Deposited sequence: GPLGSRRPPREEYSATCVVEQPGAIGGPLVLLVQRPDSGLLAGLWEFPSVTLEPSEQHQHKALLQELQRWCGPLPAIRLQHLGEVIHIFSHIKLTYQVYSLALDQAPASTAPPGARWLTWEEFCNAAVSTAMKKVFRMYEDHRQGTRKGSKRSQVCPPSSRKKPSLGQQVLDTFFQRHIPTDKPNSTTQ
């Protein structure tokens, strides 16, 4: 089972301890449910480089933004087969109005001690290069076919 995705780390200047970053909350049901992660969008592998779905999702969490800084970073391979393309966006000011219900602009220390997925853990590593926490498992590992 191959699953293609694409995420982006929206970065804001903020004040002290910057820069600030946006983070949405995963749904309360499914695999790795309840954890916080960067805005992502699922799509078929036939459309594995489309910016429309990402920019549309960012507008639902930030409103309109001048598409003049969407930068590609690399590829996040999460071990279904999850393939996630990592992008990056930097804003010169604050979000349009405020963070809608479900968003949290945490700092670098506020993000290094919260709760995210192991896939997103590798997403924040590629962003810094170019610049006890448990996770729910799956019964497929114990019940072979």
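- Going by the record, the unmodelled stretches of the deposited sequence, in order, are 1-9, 89-91, 144-163, 178-189.
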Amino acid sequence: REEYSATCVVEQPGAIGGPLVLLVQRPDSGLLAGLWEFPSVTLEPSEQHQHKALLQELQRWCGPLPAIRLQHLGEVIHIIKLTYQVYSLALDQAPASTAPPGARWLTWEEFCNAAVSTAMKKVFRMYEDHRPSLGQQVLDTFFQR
From here on, numbers count along this sequence of modelled residues.
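- Stretches 12-20 and 133-141 differ in mean CA B factor, with 12-20 having the higher one.
- 116-124 and 55-63 differ in mean CA B-factor, and the higher of the two is recorded for 116-124.
- As recorded in the PDB entry, 26 shows the highest C-alpha B-factor of the residues 69, 81, 49, 26.
- Within the group 41, 86, 31, 89, the record's highest C-alpha temperature factor is found at 31.
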